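> Handing you a structure now.
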Amino acid sequence: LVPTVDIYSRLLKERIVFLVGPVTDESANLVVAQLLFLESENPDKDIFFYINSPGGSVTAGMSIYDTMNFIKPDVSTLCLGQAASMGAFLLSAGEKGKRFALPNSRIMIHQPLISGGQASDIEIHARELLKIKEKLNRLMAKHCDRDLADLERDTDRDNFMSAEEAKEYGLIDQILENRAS
Amino acid sequence: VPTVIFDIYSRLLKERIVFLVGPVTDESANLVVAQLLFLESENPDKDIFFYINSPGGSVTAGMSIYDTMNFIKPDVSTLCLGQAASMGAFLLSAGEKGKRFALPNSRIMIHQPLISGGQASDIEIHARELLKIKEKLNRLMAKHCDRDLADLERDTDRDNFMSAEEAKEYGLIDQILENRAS
Amino acid sequence: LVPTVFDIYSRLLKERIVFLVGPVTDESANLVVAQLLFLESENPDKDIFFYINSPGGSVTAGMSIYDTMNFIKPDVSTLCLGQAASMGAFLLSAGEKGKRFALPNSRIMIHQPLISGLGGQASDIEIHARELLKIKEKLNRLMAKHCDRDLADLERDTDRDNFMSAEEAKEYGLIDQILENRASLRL
Amino acid sequence: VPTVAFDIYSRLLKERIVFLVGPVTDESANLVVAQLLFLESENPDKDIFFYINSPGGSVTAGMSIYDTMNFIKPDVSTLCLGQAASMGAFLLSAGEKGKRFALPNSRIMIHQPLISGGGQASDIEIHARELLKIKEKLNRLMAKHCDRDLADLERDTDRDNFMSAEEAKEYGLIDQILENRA
Amino acid sequence: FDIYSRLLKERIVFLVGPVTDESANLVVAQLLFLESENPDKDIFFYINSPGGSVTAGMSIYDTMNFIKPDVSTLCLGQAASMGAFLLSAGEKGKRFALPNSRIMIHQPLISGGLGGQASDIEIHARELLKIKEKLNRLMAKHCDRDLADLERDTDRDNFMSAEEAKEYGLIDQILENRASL
Amino acid sequence: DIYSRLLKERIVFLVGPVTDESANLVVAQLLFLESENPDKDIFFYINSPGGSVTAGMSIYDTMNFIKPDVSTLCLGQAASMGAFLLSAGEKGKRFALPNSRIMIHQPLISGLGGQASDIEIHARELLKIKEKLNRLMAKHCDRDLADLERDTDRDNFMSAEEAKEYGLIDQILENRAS
Amino acid sequence: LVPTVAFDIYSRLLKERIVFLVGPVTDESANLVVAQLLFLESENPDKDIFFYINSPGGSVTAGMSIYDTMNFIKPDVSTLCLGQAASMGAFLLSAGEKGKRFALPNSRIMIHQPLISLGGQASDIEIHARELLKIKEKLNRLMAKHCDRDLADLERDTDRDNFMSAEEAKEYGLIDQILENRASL
Amino acid sequence: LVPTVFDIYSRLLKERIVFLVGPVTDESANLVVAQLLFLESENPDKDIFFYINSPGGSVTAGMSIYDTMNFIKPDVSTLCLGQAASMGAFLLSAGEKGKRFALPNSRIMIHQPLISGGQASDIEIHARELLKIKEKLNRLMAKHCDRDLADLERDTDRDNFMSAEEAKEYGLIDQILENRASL
Amino acid sequence: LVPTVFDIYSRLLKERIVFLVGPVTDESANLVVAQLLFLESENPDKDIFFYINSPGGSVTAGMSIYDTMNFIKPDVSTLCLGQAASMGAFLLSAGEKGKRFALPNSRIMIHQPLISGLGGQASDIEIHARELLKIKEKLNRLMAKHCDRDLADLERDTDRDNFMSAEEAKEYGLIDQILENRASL
Amino acid sequence: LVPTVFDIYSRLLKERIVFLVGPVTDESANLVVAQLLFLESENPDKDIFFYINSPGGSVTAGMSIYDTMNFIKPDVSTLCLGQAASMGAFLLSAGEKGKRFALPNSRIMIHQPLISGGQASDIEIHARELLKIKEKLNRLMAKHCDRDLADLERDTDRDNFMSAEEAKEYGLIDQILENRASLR
Ligand SMILES: CCCCC[C@H](N)CC(=O)N[C@@H](CCCCC)CC(=O)NCC(=O)O
Ligand SMILES: CCCCC[C@H](N)CC(=O)N[C@@H](CCCCC)CC(=O)NCC(=O)O
Ligand SMILES: CCCCC[C@H](N)CC(=O)N[C@@H](CCCCC)CC(=O)NCC(=O)O
Ligand SMILES: CCCCC[C@H](N)CC(=O)N[C@@H](CCCCC)CC(=O)NCC(=O)O
């Protein structure tokens, strides 16, 4: 269904990587592979990471996040459509100064959720989920240059933000209307 | 259900026998509760004989039976036939001490609570409630069995099957009945 | 599936005992309503004993029970066995004050209204969301009255699932007394 | 279910005939138990006739019947009609010795316990050990019922073992084959 | 009373539809009841059945031979497989069919056979062949025929009219009305 | 294939429901064409019943972000988000074929569940979406917000001529001489 | 589904001697890893292989095919946990050449005893229960070896699901270093 | 997706490596047969390396592999990685004697045949065929393992799991290879 | 589900009316058989009124009714209300000659046997096909007798579904009279 | 799914090897037909090697292969590997006489036609046609096996399994090939 000249491989030659739809092990690892490839091609030029995602798996998302921070090139992020949950986490993780959103994109942040067995096992997994919640708040607070207490308050339930609101919050640096913004 | 000059379960209810058979649900538990209250109304001082063949089930449903057993005036004698596992074993052990029995090839099993959520805040709320249930049931079981809390904690960490003799050794029942001569 | 002695529930209905067991539906709630009206007709002056073991259910169905409990002349005493959660806890706390009881290992739980993500046009979602919040506010106000507490307490205490032991429910003001046996009644 | 002011099974319950038909479940087994207890209270001095046509089923449900047969005062005579397989054959062989019968074309089948339907290796170990304990107990009890050496039962239950009425009598599972009332 | 309980007062017992543990034991129960009511009067066993479980059918068969009353059989509609076996098992001289009844006999079949280790399949195949031999031997006795004839004539489905069943030895008479006796 | 060949003519199709996948494919093609030549018009042919609002906005913001003019053409139909994108084409370069149809309406949601607090949060966000889309649509159509609110309360079907009078498109093309 | 660069992106990274295990370990996904390991050894037995693991675990025998192949071939198999390495995934992570086992800073490890999602005669359940316990004992013995820890430690720490941060995994002995970025040699 | 270098499996085929992975079906077995014939055609004298990670499967499907292994001129060396169970273990044990290998943590399992309906006559026919297969497989397994048939009948009555070392002790394989210096 | 005036069908059985409604199955046919035997036991000389509204069904189930109607002493009068198709029309035509009726807007349909699902070996399919052809001929012969027609007539006229009005059914010989009300008799 | 060397099957087609694997369907049989015609076009005089591992399937699909085998100029040698059951056994037995082979542990099975409704008239028509099929298949098989028709009628009444040796004695194949030295 993807046109040829495929189109995503052609845009990859421009150092553009897309994350579209739910963050899964497969879709996240495909992003990781493209990031490693682009670094191999030129470790010094910026990579442009376009995000339209409702979120997904935390560990899948972390594999992208850690790869973004590991590789040498700056990873610029761009929100188009929406960046929610892990998508918003990855958006805010772009190189500071190079995190963008289009004017009508939507950001949403929230605490982790689950889609059990013995009480002992439920205890273990609840404790792990609470560590994830705590780690994500701390990393998000760092990304946004905000207090940990703010992130805890502001992710207790679904928190939708416009592009201007996400910029004020510290999740992105600039809103781009066109190539003059 | 066979009938007599009343169906067979109503007939045995005339002898103050109440059955708990199969999984403990809100409905099956409350039918037992209703029978216990009925028997107390009929005669508040005569023993009731509570026959249990159950794999367990809902904790709150079992607690409605348990608290009713302790609330009503008559002693509730318990008898394990077939099996008393999980909430079934809890109710077996809750019978009036001295009047908890098992038939010779009955089986007992005890274990910690099991279940089969959304936001982390809610999962935390329900995990903490589940752990309080786990502690409460161990504390109550230790009292029933005349044992230390630490013993019940180790012995319910995984499924713990017991023969009738072992359940007697454990303190969960008082006597094994082979016939009316024992 | 139900022993006769009249079956056992009809027999206890003669003792003026009514059960609410399991989820609260239109059918199970109206059956409670019918028993309440029947007992009032049998004797408008004698207490009724309403035994609740329920995880909750439909709010409008539970409200049909609530309004009937307050409408009829006899006092409706409530007793929690097993659990009274959500609409179950609301009905328990609605018993005649002084006559709300729980058994020692009962569990109470309160929370804000929950839905099974509405559907349709934004105008319709706005209408149903506004009604859902109104329901939430009304239930908090009624619960505040039942518990003899400030509205702000109930707003705080229902934001997420709030489990209570019998002791906690008594201290909250949701029940009056915990009964281990028939010697426990005081006051 | 025909009516004769009773249904047909309630009517034969007046002749002290109790049926076990189809799979043994908690529900079907406890119904048998209730009938055994009912008959005992009606007259503890008369035999009970326990007619078995069953492919087997739950071991613990079967033990609830077994232990009740041994507990109550009346002799429980057993009759195989059609078939008594697995727990059905166990109950058949558990009848009062001297009063265990089969009709001429009935068939018996015995075998070791099987499970139709998981977890951690620790939990699988616990349940496998319990299954072997059941297997050992059933071999010991079957050997006693049949007046045979334990090694005989271990060998002969390793896989499905079908027996004709005559073979079951020679094995010791029943006492006599009844062709008619003569 | 319902209609079947009322006809039970006339010592009429029906076997209708597949032979199962439940349907067969209900027949057994009625046969025992009727014997208890009067051990000397014939019982009239009306069969309209396509067959079913062999061991269930044997419980009826052995009960018919055990009780004191003669059990007269009547085929109405059809008596196939275990139904034809039971029809042929009524007291000799008192086995009847209505004129347009149909009988069918065949060797045993298993719905979904073969399941497990070769050892278990061997055990169950041998039991099935013993059942096959026993049914042929018993049927030959019912029909006053050779075991070899029953083996030949049941290898595949063998449909018989009432007159053919009478000639074969499965029934004694065809009754068009009460004067054909 | 046929679509890659027409992409060489700077023709991009949106056909069927707007999803994350179908919208981003459009985005990728728009970015590709800008990279091939940032100055030449792009021709965005729309035959769509609508779909996801955020997916549609990714197309919308990309149309406005890239340097080339994006001309739009309605063939068959442009409904809901499809009509939104049609009206977003470069002004003066928004077209419909003579028997195409337009339809506009307020946001819809399919289904889930949650606490009253969460439902309130999401209803408020849906109402903000509704107003933003009415405001943007009014700007595209050179009409008032109150007009768009009134005219999208329920499904509003428009012929090509009605859509031109409304301001959603500039011209109806029977052929290249229109 | 997969970008091209003449090669799909994964074939291209295989030219950098990078092999991925992503998602559940199955017979098919494990043998694909085995095939890439043998291919890279054939292409150059003198260069390290970089085995990137993001997996929740899966089949024990399929995982053992990877494990024994890693140990069989000449090249060092360096391992990297990205995302998570759970169960058989953590086993393979810890099996990388010692000194060359890595995790990214926010990856997570989880270890536990074998589980099954049994049926037949009691004899058969006994046979398979014994085989499952042998697997449990072997995996504890091998894991204790990878981690340079006492067997009793692994027996205690795998009784139930045991999650570890990257730092905890390093202290436990499952990995050697946590990699922040290319400050590397 | 299979990596490309040729795809990765074709590339390993050029080094005379053939895989049997997952259940033995008509389709998966014939693909192995086709590779064996191709490799014999490429060089009839050089060993073929048959890597087996399989839980077993169809008996006739396996026999087509077995008979091809015995038919072609090249020695077919076998290697168990992961597991060789049932028909998988049969083919593992069918490798050229002296060239049957296992990796150290692979496992073998052997057992009698199993199946996953009709007139008694037809069930009799199929039960007899199943018992002939059982006896034939026991006879061929006894030859592969250099053991008495009675040993094999006893040892396959139920699932019989073996470590690599037990499989070597049994006679099913020749050596366990930790690496190429294990030779 | 049935008004208990003791339900209405039990009440009409006191007037010696038996209904066949819907598909003829073993269970519904034997229920008819039992009522027929019951009414004969109550009084062997009084007419029985057999009201048929049926689309047909099982041939052997229908034959149990047919043979019982002919076996018992009472005349069995038949009445078609709504429709009598296939085995239903067969039973209608089987009523005591002179006492077979239809209501004015009743519908009759006759046709050859059909089978729902044959599946087995060619040998078994031959056996079952032959039995079906035997059934087809016997039913045509019996129907021809009821209608005072030839077997060849019935074979011709049942080859495909043959719908008949009440008047057409009377002309054919399937019924004796059409009753608008009792004055029709 | 299929290694390249050509994919592996196209590579073996270059050596005039054609496979029939798994159930015989319209699609699988016509692919065999297509290969047979292609090999004849490539060289009408050289043997074709038709390798069969099949449980059977559609009779009409199998007949399209059968008639194509007899129609083309090249001899079609057949080899049973694994099994040739029902239509598979029929096609195996249809190879050029003298050139029908089996591997030592192959299995052959033969039997009468099977069916996995409508008016009685329609059942009569299809029953008669099925019996015609049964008779025709027994007649052709008796010719292939150089045997009396009555033998085939007897020996296909129920599922009839044959070892390779039994199939050779039956006349279904000519030789059993242990390895490349087994040939005449
Ligand atoms: C744990 C208990 C679960 C259910 C009760 C839960 N506490 C609160 C709740 O569900 N309130 C709804 C009424 C309950 C009936 C089923 C949804 C309100 C309503 O009427 N909504 C209609 C609309 O506005 O569309
Ligand atoms: C056309 C239909 C007529 C069917 C009658 C058919 N001739 C005979 C028949 O049903 N025999 C089996 C009984 C059925 C039980 C299966 C659920 C015999 C049996 O139990 N053998 C041992 C075993 O099963 O293991
Ligand atoms: C849609 C119109 C329905 C009318 C039914 C249709 N006229 C005829 C019909 O039902 N024939 C079979 C029903 C008899 C049931 C006995 C088990 C007869 C039969 O037994 N044939 C041989 C075979 O079954 O093999
Ligand atoms: C183990 C069993 C497998 C072998 C099957 C067995 N040899 C015979 C077989 O399949 N015969 C049919 C042809 C196959 C068609 C498949 C869709 C007969 C037919 O063409 N009937 C049409 C009619 O008369 O209406």
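Residues are named by chain letter and number: chains run A, B, ... in the order of the structure tokens, numbers start at 1 in each chain, and ligands are numbered from 1 in the order shown.
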Fewer than 5 positions away in the same chain doesn't count, so skip those; otherwise give me all residues within 6 Å of residue 171 of chain E, counting only C-alpha atoms, as a PyMOL selection string.

chain E and resi 88+95-96+166

> Pull C-alpha atoms from the residues just selected and write them as a compact mmCIF listing (two decimals), in the first residue's frame.


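So the final result, stored in selection01.txt, reads:
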```txt
# COMPACT_ATOMS: atom_id res chain seq x y z
CA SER E 88 -35.37 -57.82 18.97
CA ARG E 95 -42.04 -58.46 19.46
CA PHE E 96 -44.05 -56.38 16.99
CA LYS E 166 -40.07 -60.52 10.52
```

> Among segment 13-116 of chain G, which ones does DSSP place in alpha helix (DSSP H), written as a PyMOL selection string?

chain G and resi 13-14+27-43+60-72+88-95

> Using only N, CA and C atoms, please write the residues we just selected to a file, as a CSV table (one decimal), in the first residue's frame.


```
chain,number,residue,atom,x,y,z
G,13,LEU,N,21.8,-3.6,9.0
G,13,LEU,CA,22.5,-3.6,10.3
G,13,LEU,C,23.2,-5.0,10.5
G,14,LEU,N,22.7,-6.1,9.9
G,14,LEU,CA,23.5,-7.3,10.0
G,14,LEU,C,24.9,-7.1,9.4
G,27,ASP,N,10.5,-21.2,18.3
G,27,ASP,CA,11.3,-22.0,17.5
G,27,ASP,C,11.8,-21.2,16.2
G,28,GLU,N,10.9,-20.5,15.6
G,28,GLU,CA,11.1,-19.8,14.4
G,28,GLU,C,12.0,-18.5,14.6
G,29,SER,N,11.7,-17.7,15.6
G,29,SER,CA,12.4,-16.5,15.9
G,29,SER,C,13.8,-16.9,16.4
G,30,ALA,N,13.9,-17.9,17.2
G,30,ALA,CA,15.2,-18.4,17.7
G,30,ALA,C,16.1,-18.9,16.6
G,31,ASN,N,15.6,-19.7,15.7
G,31,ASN,CA,16.4,-20.2,14.6
G,31,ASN,C,16.9,-19.1,13.7
G,32,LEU,N,16.1,-18.1,13.5
G,32,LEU,CA,16.5,-16.9,12.7
G,32,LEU,C,17.7,-16.3,13.3
G,33,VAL,N,17.7,-16.2,14.6
G,33,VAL,CA,18.9,-15.7,15.4
G,33,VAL,C,20.1,-16.6,15.2
G,34,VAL,N,19.8,-17.9,15.3
G,34,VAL,CA,20.9,-18.9,15.1
G,34,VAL,C,21.5,-18.8,13.7
G,35,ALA,N,20.6,-18.6,12.7
G,35,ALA,CA,21.1,-18.5,11.3
G,35,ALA,C,21.9,-17.2,11.1
G,36,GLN,N,21.6,-16.1,11.7
G,36,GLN,CA,22.4,-14.9,11.6
G,36,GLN,C,23.7,-15.1,12.3
G,37,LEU,N,23.7,-15.8,13.5
G,37,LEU,CA,25.0,-16.0,14.2
G,37,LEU,C,25.9,-16.9,13.4
G,38,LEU,N,25.4,-18.0,12.8
G,38,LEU,CA,26.3,-18.8,11.9
G,38,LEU,C,26.7,-18.0,10.7
G,39,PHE,N,25.9,-17.2,10.1
G,39,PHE,CA,26.3,-16.4,8.9
G,39,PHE,C,27.4,-15.4,9.3
G,40,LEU,N,27.2,-14.7,10.4
G,40,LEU,CA,28.3,-13.7,10.7
G,40,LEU,C,29.6,-14.4,11.1
G,41,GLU,N,29.5,-15.6,11.7
G,41,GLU,CA,30.7,-16.4,11.9
G,41,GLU,C,31.4,-16.8,10.6
G,42,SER,N,30.6,-17.2,9.7
G,42,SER,CA,31.1,-17.6,8.4
G,42,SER,C,31.7,-16.4,7.7
G,43,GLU,N,31.1,-15.2,7.8
G,43,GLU,CA,31.6,-14.0,7.1
G,43,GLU,C,32.9,-13.6,7.7
G,60,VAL,N,11.8,-22.4,26.3
G,60,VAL,CA,13.1,-22.7,26.9
G,60,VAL,C,14.0,-23.4,25.8
G,61,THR,N,13.5,-24.4,25.1
G,61,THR,CA,14.3,-25.1,24.2
G,61,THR,C,14.7,-24.2,23.0
G,62,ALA,N,13.8,-23.4,22.5
G,62,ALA,CA,14.2,-22.5,21.5
G,62,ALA,C,15.3,-21.5,21.9
G,63,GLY,N,15.2,-21.0,23.2
G,63,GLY,CA,16.2,-20.2,23.7
G,63,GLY,C,17.5,-21.0,23.9
G,64,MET,N,17.4,-22.2,24.3
G,64,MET,CA,18.7,-23.0,24.4
G,64,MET,C,19.4,-23.2,23.0
G,65,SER,N,18.6,-23.2,21.9
G,65,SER,CA,19.3,-23.3,20.6
G,65,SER,C,20.1,-22.0,20.4
G,66,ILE,N,19.7,-20.9,20.8
G,66,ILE,CA,20.5,-19.6,20.7
G,66,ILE,C,21.7,-19.7,21.6
G,67,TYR,N,21.4,-20.1,22.9
G,67,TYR,CA,22.4,-20.2,23.9
G,67,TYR,C,23.6,-21.0,23.5
G,68,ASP,N,23.3,-22.3,23.1
G,68,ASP,CA,24.4,-23.2,22.7
G,68,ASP,C,25.1,-22.7,21.5
G,69,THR,N,24.4,-22.0,20.5
G,69,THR,CA,25.0,-21.5,19.4
G,69,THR,C,26.0,-20.3,19.7
G,70,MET,N,25.5,-19.4,20.6
G,70,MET,CA,26.4,-18.4,21.1
G,70,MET,C,27.7,-18.9,21.6
G,71,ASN,N,27.6,-20.0,22.4
G,71,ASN,CA,28.8,-20.6,23.0
G,71,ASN,C,29.6,-21.4,22.0
G,72,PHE,N,29.0,-21.9,21.0
G,72,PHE,CA,29.7,-22.8,20.0
G,72,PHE,C,30.6,-22.0,19.1
G,88,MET,N,13.7,-16.0,29.5
G,88,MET,CA,14.7,-16.5,28.5
G,88,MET,C,15.5,-15.3,27.9
G,89,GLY,N,14.8,-14.1,27.8
G,89,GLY,CA,15.6,-13.0,27.3
G,89,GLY,C,16.7,-12.6,28.2
G,90,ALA,N,16.4,-12.6,29.5
G,90,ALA,CA,17.4,-12.2,30.5
G,90,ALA,C,18.5,-13.3,30.5
G,91,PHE,N,18.1,-14.6,30.4
G,91,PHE,CA,19.1,-15.7,30.3
G,91,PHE,C,20.1,-15.5,29.2
G,92,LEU,N,19.6,-15.2,28.0
G,92,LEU,CA,20.4,-14.9,26.8
G,92,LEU,C,21.3,-13.7,27.1
G,93,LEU,N,20.7,-12.6,27.6
G,93,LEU,CA,21.5,-11.4,27.9
G,93,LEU,C,22.7,-11.8,28.8
G,94,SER,N,22.4,-12.5,29.9
G,94,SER,CA,23.5,-12.9,30.8
G,94,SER,C,24.5,-13.8,30.2
G,95,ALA,N,24.2,-14.5,29.1
G,95,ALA,CA,25.0,-15.5,28.5
G,95,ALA,C,26.0,-14.8,27.5
```

> Using only C-alpha atoms, which protein or nucleic acid residues come within 6 Å of residue 88 of chain C? Drop anything in the same chain fewer than 4 positions from it, and give the result as a PyMOL selection string.

chain C and resi 54+56+84

> The selected residues should be written to file as a PDB file, in the first residue's frame (atoms: C-alpha atoms).


```
ATOM      1  CA  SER C  54     -23.749  -6.575  46.995  1.00  0.00           C
ATOM      2  CA  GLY C  56     -23.295  -2.404  43.593  1.00  0.00           C
ATOM      3  CA  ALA C  84     -21.542  -3.480  50.539  1.00  0.00           C
TER       4      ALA C  84
END
```

> Can I get the residues of segment 56-106 of chain E within 10 Å of segment 25-44 of chain E, each with the closest pair of atoms and their distance in Å to one decimal, using only C-alpha atoms, sorted chain first then ascending number, as a Markdown table?


```
| residue | atom | partner | partner_atom | distance |
| --- | --- | --- | --- | --- |
| E:56 | CA | E:25 | CA | 7.5 |
| E:57 | CA | E:25 | CA | 9.1 |
| E:59 | CA | E:28 | CA | 7.2 |
| E:60 | CA | E:28 | CA | 5.6 |
| E:61 | CA | E:28 | CA | 9.0 |
| E:62 | CA | E:28 | CA | 9.3 |
| E:63 | CA | E:28 | CA | 6.4 |
| E:64 | CA | E:31 | CA | 7.4 |
| E:66 | CA | E:32 | CA | 9.6 |
| E:67 | CA | E:35 | CA | 6.6 |
| E:68 | CA | E:39 | CA | 5.5 |
| E:69 | CA | E:40 | CA | 5.2 |
| E:70 | CA | E:42 | CA | 4.8 |
| E:71 | CA | E:43 | CA | 4.8 |
| E:72 | CA | E:44 | CA | 4.9 |
| E:73 | CA | E:44 | CA | 6.0 |
| E:74 | CA | E:44 | CA | 7.4 |
| E:90 | CA | E:44 | CA | 9.3 |
| E:91 | CA | E:42 | CA | 9.4 |
| E:94 | CA | E:44 | CA | 9.2 |
| E:95 | CA | E:44 | CA | 9.7 |
```

> Could you list the protein, DNA and RNA residues that have any atom within 7 Å of ligand 2, counting only C-alpha atoms and all ligand atoms, and write them as a PyMOL selection string?

chain E and resi 50-55+81-82+106-111+124+127-128+131

> List all protein, DNA and RNA residues that have an atom no more than 9 Å from any atom of ligand 3, counting only C-alpha atoms and all ligand atoms, and report them as an NGL selection string.

(:E and (49-50 or 77-78 or 80 or 102)) or (:I and (23-26 or 55-63 or 85-88 or 110-116 or 118 or 125 or 127-136)) or (:J and (119-120))

> Quote the spacing between atom CA of residue 177 of chain B and atom CA of residue 64 of chain B in Å to one decimal place.

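Straight-line distance from atom CA of residue 177 of chain B to atom CA of residue 64 of chain B works out to 27.4 Å.
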
> List the neighbours of residue 40 of chain J out to 10 Å using only C-alpha atoms; skip same-chain residues closer than 3 positions along the sequence, and give me the result as number ranges by chain.

J: 16, 35-37, 43-48, 72-75

> Would you output that residue set with C-alpha atoms, as a PDB file, in the first residue's frame?


```
ATOM      1  CA  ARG J  16      12.778 -32.486 -14.774  1.00  0.00           C
ATOM      2  CA  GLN J  35       4.932 -28.292 -15.058  1.00  0.00           C
ATOM      3  CA  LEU J  36       4.390 -31.480 -17.093  1.00  0.00           C
ATOM      4  CA  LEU J  37       3.433 -29.498 -20.195  1.00  0.00           C
ATOM      5  CA  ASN J  43      12.365 -31.557 -24.237  1.00  0.00           C
ATOM      6  CA  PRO J  44       9.599 -33.941 -25.421  1.00  0.00           C
ATOM      7  CA  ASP J  45      11.858 -37.031 -25.265  1.00  0.00           C
ATOM      8  CA  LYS J  46      13.462 -37.059 -21.787  1.00  0.00           C
ATOM      9  CA  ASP J  47      11.885 -38.748 -18.774  1.00  0.00           C
ATOM     10  CA  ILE J  48      10.067 -36.659 -16.184  1.00  0.00           C
ATOM     11  CA  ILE J  72       2.483 -35.897 -23.195  1.00  0.00           C
ATOM     12  CA  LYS J  73       5.334 -37.548 -25.101  1.00  0.00           C
ATOM     13  CA  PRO J  74       7.884 -38.040 -22.258  1.00  0.00           C
ATOM     14  CA  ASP J  75       7.709 -41.037 -19.969  1.00  0.00           C
TER      15      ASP J  75
END
```

> In Å to one decimal, how far is atom CA of residue 148 of chain C from atom CA of residue 175 of chain C?

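These atoms are spaced 10.8 Å apart.
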
> How would you write, as number ranges by chain, the set of residues no farther than 7 Å from ligand 4 when counting only C-alpha atoms and all ligand atoms?

J: 55-60, 86-87, 111-115, 126-127, 129-130

> Write as an mmCIF file with N, CA and C atoms, in the first residue's frame the residues around ligand 1, taking 6 Å as the cut-off and counting only C-alpha atoms and all ligand atoms.


```
data_model
loop_
_atom_site.group_PDB
_atom_site.id
_atom_site.type_symbol
_atom_site.label_atom_id
_atom_site.label_comp_id
_atom_site.auth_asym_id
_atom_site.auth_seq_id
_atom_site.Cartn_x
_atom_site.Cartn_y
_atom_site.Cartn_z
ATOM 1 N N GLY C 56 -22.752 -3.563 44.261
ATOM 2 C CA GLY C 56 -23.295 -2.404 43.593
ATOM 3 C C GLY C 56 -23.979 -2.774 42.291
ATOM 4 N N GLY C 57 -24.136 -1.767 41.445
ATOM 5 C CA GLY C 57 -24.807 -1.950 40.180
ATOM 6 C C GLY C 57 -25.440 -0.645 39.716
ATOM 7 N N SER C 58 -26.615 -0.767 39.116
ATOM 8 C CA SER C 58 -27.245 0.381 38.485
ATOM 9 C C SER C 58 -27.649 1.429 39.521
ATOM 10 N N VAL C 59 -27.281 2.686 39.260
ATOM 11 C CA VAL C 59 -27.612 3.763 40.186
ATOM 12 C C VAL C 59 -29.114 4.013 40.202
ATOM 13 N N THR C 60 -29.755 4.064 39.031
ATOM 14 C CA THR C 60 -31.188 4.330 39.050
ATOM 15 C C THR C 60 -31.940 3.181 39.718
ATOM 16 N N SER C 86 -20.163 0.343 46.545
ATOM 17 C CA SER C 86 -20.824 1.279 45.646
ATOM 18 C C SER C 86 -22.301 1.421 46.005
ATOM 19 N N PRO C 113 -19.167 7.734 40.557
ATOM 20 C CA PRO C 113 -19.820 6.946 39.511
ATOM 21 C C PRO C 113 -18.827 6.519 38.442
ATOM 22 N N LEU C 114 -19.086 5.344 37.877
ATOM 23 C CA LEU C 114 -18.246 4.715 36.869
ATOM 24 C C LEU C 114 -19.137 4.388 35.678
ATOM 25 N N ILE C 115 -18.600 4.472 34.469
ATOM 26 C CA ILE C 115 -19.400 4.110 33.305
ATOM 27 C C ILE C 115 -18.669 3.064 32.475
ATOM 28 N N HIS C 128 -24.575 13.883 28.407
ATOM 29 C CA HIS C 128 -24.458 12.745 29.306
ATOM 30 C C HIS C 128 -23.336 12.928 30.310
ATOM 31 N N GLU C 131 -24.800 15.176 33.001
ATOM 32 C CA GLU C 131 -25.672 14.392 33.865
ATOM 33 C C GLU C 131 -24.860 13.480 34.777
ATOM 34 N N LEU C 132 -23.779 12.881 34.261
ATOM 35 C CA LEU C 132 -22.967 12.001 35.094
ATOM 36 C C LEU C 132 -22.342 12.760 36.261
#
```
